[PDB]
Q: 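Below is a structure I'd like to ask you about.
Counting from 1, the numbers follow the sequence of the chain as shown. We count ligands from 1, going down the list as the structure has it; atoms in each ligand are counted the same way. FYI, side chains are in, hydrogens and waters are out, and symmetry mates aren't considered; it's all heavy atoms of this structure.
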Amino acid sequence: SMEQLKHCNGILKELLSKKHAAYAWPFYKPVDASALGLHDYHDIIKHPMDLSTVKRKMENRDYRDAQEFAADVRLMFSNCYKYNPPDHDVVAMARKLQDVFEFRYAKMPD
Ligand SMILES: COc1ccc2c(c1)C(c1ccc(Cl)cc1)=N[C@@H](CC(=O)Nc1ccc(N3CCC([N+](C)(C)C)CC3)cc1)c1nnc(C)n1-2
């Protein structure tokens, strides 16, 4: 399953690519709560995640298996859904990028 981790690296590169940039861009770097005017972000979200952090962990070889990679990507999306109202534009962007992630992850070789 070095081959599964290589497939995961391929997914990450697709999520960061210009093809999906219209809805992926909020997830590129950690949420900057003071830059967005959010006073309570870190009171609600105890474990932040974003694509730059997933990339650093992949480059460092911190992932023991594909399931750990999926847990981080799904955490990133879940924090967005937890913090925001369900009709919010950033939740619509999260769902569009999650559609791409779940479809590619499901096609991973066993
Ligand atoms: C680099 O920019 C970023 C990075 C991370 C996140 C965000 C933006 C964005 C983001 C927002 C909109 C769009 Cl279209 C796209 C993204 N959202 C942030 C979260 C955020 O800010 N939410 C937010 C929600 C509601 C309000 N209020 C506006 C005033 C209203 N009023 C009644 C008039 C008083 C009440 C409701 C304020 C803030 C975020 N969350 N995850 C990620 C990733 N993000």
Q: Is atom 33 (C) of ligand 1 near the protein, in the sense that some protein heavy atom lies at less than 4.0 Å from it?
A: no
Q: When you measure from the side chain of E102 to the backbone of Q98, do you find a donor-acceptor pair of N or O atoms at a distance under 3.5 Å?
A: no
Q: How far is atom 14 (Cl) of ligand 1 from its nearest protein heavy atom, and which residue and atom name does that atom have?
A: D89 CB, 3.7 Å
Q: Measure from atom 8 (C) of ligand 1 to every heavy atom in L36, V90, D50 and give the option owning the shortest one.
A: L36
Q: Got a protein heavy atom sitting under 4.0 Å from atom 24 (C) of ligand 1?
A: yes
Q: Can you confirm whether some protein heavy atom lies under 4.0 Å from atom 36 (C) of ligand 1, or whether none does?
A: no
Q: For ligand 1, which atoms sit closer than 4.0 Å to a heavy atom of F27?
A: 43 (C)
Q: Checking a contact table here: which protein heavy atom is nearest atom 22 (N) of ligand 1, and how many Å away?
A: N84 OD1, 2.9 Å
Q: If you measure from atom 4 (C) of ligand 1 to every heavy atom of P26, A35, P48, which option wins on shortest distance?
A: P26
Q: Any protein heavy-atom neighbour for atom 20 (C) of ligand 1 (distance below 4.0 angstrom)?
A: yes
Q: Are any of the protein's heavy atoms under 4.0 angstrom from atom 12 (C) of ligand 1, yes or no?
A: yes
Q: Can you find a protein heavy atom closer to atom 41 (N) of ligand 1 than 4.0 Å?
A: yes
Q: Taking the side chain as C-beta and beyond, is there a heavy-atom pair between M76 and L51 under 4.5 Å?
A: yes
Q: Measure from atom 3 (C) of ligand 1 to every heavy atom in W25, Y23, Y28 and give the option owning the shortest one.
A: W25
Q: May I ask whether atom 30 (C) of ligand 1 is less than 4.0 Å from at least one protein heavy atom?
A: no
Q: Measure the distance from atom 38 (C) of ligand 1 to every protein heavy atom, then report the residue, atom name and distance (to 0.1 Å) of the closest one.
A: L38 CD2, 3.9 Å
Q: So do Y105 and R74 actually touch side chain to side chain, heavy atoms under 4.5 Å?
A: yes
